[PDB]
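Quick note on UniProt numbering: the sequence shown kicks off at 2 and runs consecutively. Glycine included, each C-beta is placed from N, C-alpha and C at the ideal position. Here the structure is laid out as structure tokens; the discussion comes afterwards.
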Amino acid sequence: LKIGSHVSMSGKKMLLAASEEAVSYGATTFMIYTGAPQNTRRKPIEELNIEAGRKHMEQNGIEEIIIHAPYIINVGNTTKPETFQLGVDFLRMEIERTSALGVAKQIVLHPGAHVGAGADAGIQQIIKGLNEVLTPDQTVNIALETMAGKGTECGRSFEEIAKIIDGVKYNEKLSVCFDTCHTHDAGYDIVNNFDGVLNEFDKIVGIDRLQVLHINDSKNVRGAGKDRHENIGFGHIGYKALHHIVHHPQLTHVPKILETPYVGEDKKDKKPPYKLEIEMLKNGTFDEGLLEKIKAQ
Ligand SMILES: [Zn+2]
Ligand SMILES: [Zn+2]
Ligand SMILES: [Zn+2]
């Protein structure tokens with residue numbers, strides 16, 4: 002059960018900090034941004050303390066980790082040539098960083114937002130951006146994230162993902178990241194028919210491309226397109242369904258990353274749920290009082 006969470010690189014520990022945090026949640030994998038998620042803005046490869054972080058991951062059994070590219074990257078942009086160009090450039094640097102970790106195979110990327118050009122146009126730009134980024138001999142894939150359909154996001158259906166993959170010439174370097182919150186919010190019934198939804202994914206996109214799993218419950222109903230994550234089992238997806246995904250027989254080798262919200266109503270401040278959530282999902286039974294246990298620790 003390859004399972005972990007979003008963690009942080011603090012600097013100057015950087016990578017060592019990510020790995021300690023993950024270890025402290027009892028995590029077997031984890032996910033990092035290379036930098037702040039909301040900007041671009043990055044320390045050189047030399048300052049990521051990779052040797053030390055890799056040493057601590059060996060010692061505590063972590064073999065693979067995930068990278069998520071910052072979410073301001075929009076290679077779907079058609080009106081500001083420099084935003085498109087900025088995304089190509091950064092992805093090129095990001096592949097270099099990630100490569101420079103030894104042991105991240107994947108960079109999660111929000112495909113893009115068409116921001117008024119409509120999906121077709123946005124998707125053609127993403128193909129174009131990707132075709133400018135990718136090399137046939139790069140050693141890390143880009144994992145296109147399943148999007149919730151919020152605002153003008155492209156990647157909101159499997160058909161949109163597949164369309165992007167078919168567009169790019171080095172598509173062997175493309176994977177996908179299946180986020181449970183997003184797919185639910187985008188209207189797929191992963192609650193009483195995840196097996197069906199997986200089959201569809203396999204037909205449209207192909208299950209071998211499903212290389213990252215984001216395990217989030219959701220604050221909103223199916224189809225809401227709101228991308229508001231919730232703690233495991235306390236949302237609209239619920240424990241049975243999330244548990245089923247986590248332990249799915251076809252997904253044993255794929256790393257599961259919780260991106261669930263920290264806990265602490267409402268003037269504090271503000272505790273990570275990952276340790277307890279992970280163990281609850283291992284235990285196979287819903288802990289009605291998990292939120293109150295998360296608050297003390
Ligand atoms: Zn994401
Ligand atoms: Zn996600
Ligand atoms: Zn989300």
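Excluding the 5 residues flanking residue 214 on each side, which residues of the same chain have their C-beta closer than 6 Å to its C-beta? By 1-based counting over the sequence shown, the position of residue 214 is 213. The answer, listed in chain order, is 179, 255, 257.
Which runs of the alpha helix (DSSP H), 4 residues or longer, sit entirely within the segment 242-291? Runs of the alpha helix (DSSP H) spanning 4 or more residues and lying entirely within the segment 242-291 occur at 275-284, in chain order.
From this set, 84, 186, 142, 173, which residue's C-alpha is nearest residue 158's C-alpha? Position 157 of the sequence shown holds residue 158. Taking only the C-alpha atoms, the option nearest residue 158 is 186.
Are there three or more Cβ pairs, one per stretch, closer than 8 Å when the segment 98-108 is compared with the segment 55-71? Verdict: yes, contact present.
Out of 122, 140, 191, which has the shortest C-alpha to C-alpha gap to residue 164? Counting from 1 along the sequence shown, the entry for residue 164 is found at position 163. Per the Cα distances, 122.
Three-state secondary structure (DSSP) at residue 107? On the sequence shown, residue 107 is found 106 positions in, with the first residue counted as 1. Three-state result, residue 107: strand.
Extent of the continuous alpha helix (DSSP H) to which residue 23 belongs: Position 22 of the sequence shown, counted from the first residue, corresponds to residue 23. Unbroken alpha helix (DSSP H) run through residue 23: 16-24.
Please go through the same chain and pick out, in chain order, the residues whose beta-carbon is closer than 6 Å to the beta-carbon of residue 147, but skip the five residues on each side of it. Taking the first residue of the sequence shown as 1, we reach residue 147 at position 146. Correct list, in chain order: 179, 180, 183, 184.
Residue from 81, 41, 46 whose Cα sits closest to the Cα of residue 1: Any property of residue 1 remains undetermined from this structure, which presents the chain solely from 2 to 298.
Would DSSP call residue 90 helix, strand or coil? Here residue 90 is taken as the residue at index 89 of the sequence shown, counted from 1. DSSP places residue 90 in helix when its eight states are reduced to three.
Would you check whether ligand 2 has a heavy atom nearer than 6 Å to the C-beta of residue 180? Reading the sequence shown from its first residue, position 179 is the one you call residue 180. Residue 180 Cβ: within cutoff of ligand 2.
Identify the continuous alpha helix (DSSP H) that holds residue 54 and give its terminal residues. Taking the first residue of the sequence shown as 1, we reach residue 54 at position 53. Where residue 54 is concerned, the enclosing alpha helix (DSSP H) stretches over 51-60.
Do residue 112 and residue 128 have their C-beta atoms closer together than 7 Å? Within the sequence shown, numbered from 1, the residue matching residue 112 stands at position 111. Within the sequence shown, numbered from 1, the residue matching residue 128 stands at position 127. Contact: no.
Give me the Cα-Cα distance between residue 233 and residue 7, rounded to the nearest whole angstrom. To locate residue 233, count along the sequence shown from 1; it is residue 232. To locate residue 7, count along the sequence shown from 1; it is residue 6. Cα to Cα, the separation comes out at about 15 Å.
Determine the direct distance from the alpha carbon of residue 132 to that of residue 170, and round the result to whole angstroms. Taking the sequence shown and counting its residues from 1, the one referred to as residue 170 is at position 169. Taking the sequence shown and counting its residues from 1, the one referred to as residue 132 is at position 131. Cα to Cα, residue 170 sits roughly 7 Å from residue 132.
Secondary structure of residue 39, DSSP reduced to three states: Counting from 1 along the sequence shown, the entry for residue 39 is found at position 38. If DSSP states are grouped into helix, strand and coil, residue 39 belongs with coil.
The segment 26-38 touching the segment 271-281, judged by at least three CB pairs closer than 8 Å: A contact exists between the segment 26-38 and the segment 271-281.
In the DSSP assignment, what residue or residues form a beta bridge with residue 131? Counted from its first residue, the sequence shown places residue 131 at position 130. Residue 131 pairs with nothing; no bridge assigned.
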